[PDB]
Structures are given as C-alpha cells and as structure tokens.
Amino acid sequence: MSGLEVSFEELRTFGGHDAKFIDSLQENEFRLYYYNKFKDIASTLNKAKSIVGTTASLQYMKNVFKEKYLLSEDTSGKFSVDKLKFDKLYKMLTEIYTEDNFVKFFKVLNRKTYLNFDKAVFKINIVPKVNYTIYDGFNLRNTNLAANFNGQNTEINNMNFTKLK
C-alpha cells in the first residue's frame, strides 16, 4: 500500500494542512495524557517540604513552577491544574507555535509539509545587512528582491546562494 509515514511530533511542530491528518481521537488522548502529567507535578509540589541545591527557598522555587505551569493556588497554598488554563497553554504550545504560522508572520516562501527529499543545499551569509535583514529576511524592501520572493530565488539572487554538492 503506497503513501507516507509521518510522525506526530513532527506533524504537530509543522502545523498547516499536515496537522489535519491527526484524527480528533488521537488528539484527545494526547491532551488528557499530558493533563494528568501536570496534575502529577501539582501533586509533587503540594507535597514538597524541603529543598536541596541551595538555590532558594521552597517558596521561590514553588512560585517559579506555579508560573511555568499556570497553576491555580488556593487558600491552603495548594496548587491545582486549571482545565481551561491548561487547554490554552497546550493549545498555545502545539497549535499556535507552528512552523506554518511563523511563515504567515515572516511573509516568506516555504515548503508546505515538513517532508522534503530535495538535494539542493546552499551556503549563505545573513550577517551583512546587504544580504539579509531582521525585517525583510532575504527579500529586501524597496528593492528588486522586494516582491515575488526574488530574494529567496536561487537564480535571481545567486550572489547570496553558493550551491554545494
């Protein structure tokens, strides 16, 4: 049977159409799973009484992770995982931070799937502002490179793209 063999992590990391391959079912399983892992961390904190390393006080270190995991704290100072705050953070880390979305933000040309079997590999040098800028990448504004992603074009901007073997 022909087709492709893709990984969950890689697929999630890339986002875009690729991500639709993952069925609604495998999605919930993964979510609930990591949900439980966080609860386990909340439980480990609620139980902490001392601390080694010499870093700081159990007070500080506990606040640090309360922040890392967006934990809810009650009257007793006991931490708990908030479903909604969890979904948002999970969502944020797996659906929002994706290669595809970053592409929409850089306005550049890019592959449409994490998979690639091309043998084209180039040497470059982005340091010089004449070749690559923080805001325009290779496609320098108010330049011929400006539109049509000519800056990303191997032929048209052959100066910034020494091909290898």
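One-based numbering along the sequence shown.
Participant: Mean CA B-factor: is it higher for 12 to 20 or for 153 to 161?
Facilitator: Mean B over CA atoms: larger for 153 to 161.
Participant: Do the CA atoms of 102 to 110 or those of 127 to 135 have the higher mean B-factor in the entry?
Facilitator: The deposited B-factors put 127 to 135 ahead on the C-alpha mean.
Participant: Select one of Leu70, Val64, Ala42, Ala56: the residue whose C-alpha shows the highest B-factor in the crystal structure entry.
Facilitator: Going by the entry's C-alpha B-factors, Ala56 comes out highest.
Participant: Name the residue from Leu32, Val52, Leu115, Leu140 with the greatest C-alpha temperature factor listed in the entry.
Facilitator: Top of the list by C-alpha B-factor: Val52.
Participant: Going by the recorded CA B-factors, say which third of the chain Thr94 sits in, lowest, middle or highest.
Facilitator: Lowest third - that is where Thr94 ends up once the chain's C-alpha B-factors are sorted.
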